[PDB]
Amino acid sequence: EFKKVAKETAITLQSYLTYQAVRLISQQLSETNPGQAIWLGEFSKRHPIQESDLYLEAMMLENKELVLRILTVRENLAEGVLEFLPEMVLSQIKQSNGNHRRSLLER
């Protein structure tokens, strides 16, 4: 149960950081190769990013450069961002909890 939550949250995160990496490569490409940009928005239609491994495995058939870029960018975001997540989220949850508690125990 703590185990099931952790394992599910990590999968979610790995998936989300893939999504962030595609968003980031999309800004880059919209400024440099808008061909391949309109393209990527369209590939994202036929395949849900939420299934990250299936999204990449499917892309591999169509556009091998762009997969490798995605794997590189997602790892960079991961190394930059992950270790900051516990303070920020734990701290945000306290601020949020506090606001909602007040809004409920003032009405």
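A residue's number is simply how far along the shown sequence it sits, counting from 1. Just so we're on the same page, rigid core means the largest C-alpha set that superposes within 1.5 Å between forms.
Taking the root mean square of CA deviations in 6 other deposited structures of this protein after fitting on the rigid core, 9-17 and 95-103 differ, and the farther of the two is 95-103.
The deposited model assigns a higher average Cα B-factor to 26-34 than to the other stretch when 26-34 and 64-72 are compared. Stretches 11-19 and 88-96 differ in mean CA B factor, with 88-96 having the higher one. Ranked by C-alpha B-factor against the other modelled residues of its chain, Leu77 falls in the lowest third.
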